[PDB]
């Protein structure tokens, strides 16, 4: 079981935010995460693992500030100690940067690249943001490997389509080439 939320931005584009609070569930989310997912955790303390799912080709640097602060408010509110302390640092890095060494007890994670870890400090607490996110809170029992399988199949199909387009363009090229000779 995984938690799901939605964060709308001023861009008129909505983002999906899924959170496990469970160490085992956090392991399953670490396993099957997508390349478009951004991992959020409170820095020094224990907290739930909060994921922000970016659109395709969207870059971590392009995350709108309001959705970022939504994820940071979410992971701060779900930090056991963090929901008390009023200035807290939230570390977030792309799921592609999460490194699981076998020395890691279940549910704890490392990083491939220290440069790719970003940090954002949340001051105090905002009840309005948490209310808005709670309106969109829904529970799910997904098959993570299957859903990522669907994602990868879509990427494969898009690449194949791109290849077909290229071959069509090349055939039209050669056609105009012979028609100019």
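Positions refer to the first chain, counted from 1.
When the C-alpha B-factors of 67-75 and 80-88 are averaged, 80-88 comes out higher. When 120-128 is weighed against 46-54, 120-128 comes out higher, by mean CA B-factor as recorded in the entry.
Listed residues 140, 112, 135, 151 were ranked by CA B-factor as deposited; 135 comes out on top.
Among the modelled residues of the chain, residue 10 sits in the highest third by CA temperature factor in this PDB entry. When the modelled residues of the chain are ordered by their C-alpha B factor, residue 168 lands in the middle third.
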